[PDB]
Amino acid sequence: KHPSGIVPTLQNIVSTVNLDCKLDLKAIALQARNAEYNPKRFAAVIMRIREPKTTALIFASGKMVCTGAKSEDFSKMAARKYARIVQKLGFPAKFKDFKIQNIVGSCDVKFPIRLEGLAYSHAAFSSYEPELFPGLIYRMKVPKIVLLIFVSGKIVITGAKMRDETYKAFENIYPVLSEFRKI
């Protein structure tokens, strides 16, 4: 399914869910265990669990962001545990509209890349300013994915709402990376 013989490793998953119930954030922050809340700084209660290792951003609206999981399933599992925590705190928490919002993956092609040559040949998608950031920002349009390409051969792929986008973006770029291998 991966012609290159390389499968990008999923590194981080960001998802959202609607607990469909208003929350008393000050109550949650005082009753909860691994909770942090500073309204002056950000409108969310920051909560963390060990397995799956994640961090949740719980908002008064009942909306919640889960970040840090290594897969979509883990993200949904973590979210459910947070939804359950909130329930045990005395809130009528549901689990409405769970949705994966971003998938970050990375892989190693195992050969150096000539970033400037790559950037020049794909000026429409490439953005490479090494003095500010060492990687070339490749903004692919199909699928709408952003790849950070480093001279080392390591690649970061971000912006996917589905893992097949992550994989496709990688398969698409692979031939380009090969064309621009640093000899």
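All residue numbers are counted from 1 along the displayed sequence.
Comparing 69 to 77 with 84 to 92, the stretch with the higher mean C-alpha B-factor in the PDB entry is 84 to 92. Mean C-alpha B-factor is higher over 17 to 25 than over the other stretch, the pair under comparison being 156 to 164 and 17 to 25.
Annotation for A32, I46, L147, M64: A32 ranks highest, by Cα B-factor. Taking the PDB entry at face value, the top CA B factor among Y138, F59, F133, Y120 belongs to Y120. The PDB entry assigns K53 a C-alpha temperature factor belonging to the lowest third of its chain's modelled residues.
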